[PDB]
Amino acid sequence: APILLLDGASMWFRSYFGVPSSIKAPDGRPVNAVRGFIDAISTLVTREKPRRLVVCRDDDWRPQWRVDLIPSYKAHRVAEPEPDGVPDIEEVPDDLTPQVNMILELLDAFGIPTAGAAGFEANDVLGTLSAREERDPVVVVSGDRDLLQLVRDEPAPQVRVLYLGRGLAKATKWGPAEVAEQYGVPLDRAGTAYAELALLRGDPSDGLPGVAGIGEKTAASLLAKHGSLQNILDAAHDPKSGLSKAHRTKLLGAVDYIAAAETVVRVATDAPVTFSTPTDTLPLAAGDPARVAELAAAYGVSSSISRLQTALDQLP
């Protein structure tokens, strides 16, 4: 049985856009994201039958240490920047933010493991927990393709990304083979190589311009030929490497961006993760059944909690 690691914010944003906003609590507040997010857990529990499951939090969705390296990072998504230490106010619809609070309440009362690392993103939590796992195959559940950098075959246990780009129902599991087949990175280091390719090609939806003149195809063939990004910069710095002069000029005109983006684009694998629960075991019933029942009533997702309990009951 795999341990599921859930990219919480990716998922309840998906649920917010995948469940109609006319699904409301008795007090009138939309709870479409809450319903959608709980149902996704039940769907995941029934499909994967995990014993262990963690909802990974964004203690800081936009850490200033990444913004100091690449100021444009996630900048088009900031509602209001907050100074030193305080996470920036993300641009989020006014009727989704209370729903995030509802979800965290329901998880806390149920006792579903959540995890976070102060000053780090959920993606770092995901990378840390998947890097450290030594017992069970890891399924990272997310709509964020950046996480494909976590895929792993060996050393065991394997790590797959159950990718939500087309929704949960169509989601398949991505491993090094799929990543290699889809982006042209070498299979023996598909995960890390994917992150090196994303650095070079850029990622506009996160405000990372990438290296001008080096698209994804060119990035792949330079990894397919030089094996690793460190090698590409050496081949560029060494004046008679086989590198084309055009490619050298593009790479040298970007050395400081390449260096600064390295730690921005790669997820941290050694973040100080803390759990809300003593362990990452999935509980088979609510830790606080009365509060769960009260919060679900108040939040208008009683039937979703009902369906979660049935999925849990069907675990062997």
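Note that residue numbering follows the sequence shown and begins at 1.
- Legend: mean Cα B-factor per stretch from the PDB entry, 232-240 versus 167-175; the higher mean is in 232-240.
- For the pair 215-223 and 157-165, the mean B factor over Cα atoms is greater in 215-223.
- Take 31, 264, 41, 255 and read off each C-alpha B-factor from the entry; 255 has the highest.
- By the numbers in the PDB entry, the CA B factor is greatest at 285 among 53, 67, 285, 56.
- In the PDB entry, residue 180 places in the highest third of its chain by CA B-factor.
- In the deposited entry, the Cα temperature factor of residue 24 places it in the middle third of its chain's modelled residues.
- Residue-level temperature factors show residue 60 in the middle third of its chain, judged at the C-alpha atom.
- Remark: residue 76 belongs to the highest third of its chain, ranked by C-alpha B-factor as recorded.
- Ranked against the other modelled residues of its chain, the C-alpha B-factor of residue 203 as given in the entry falls in the highest third.
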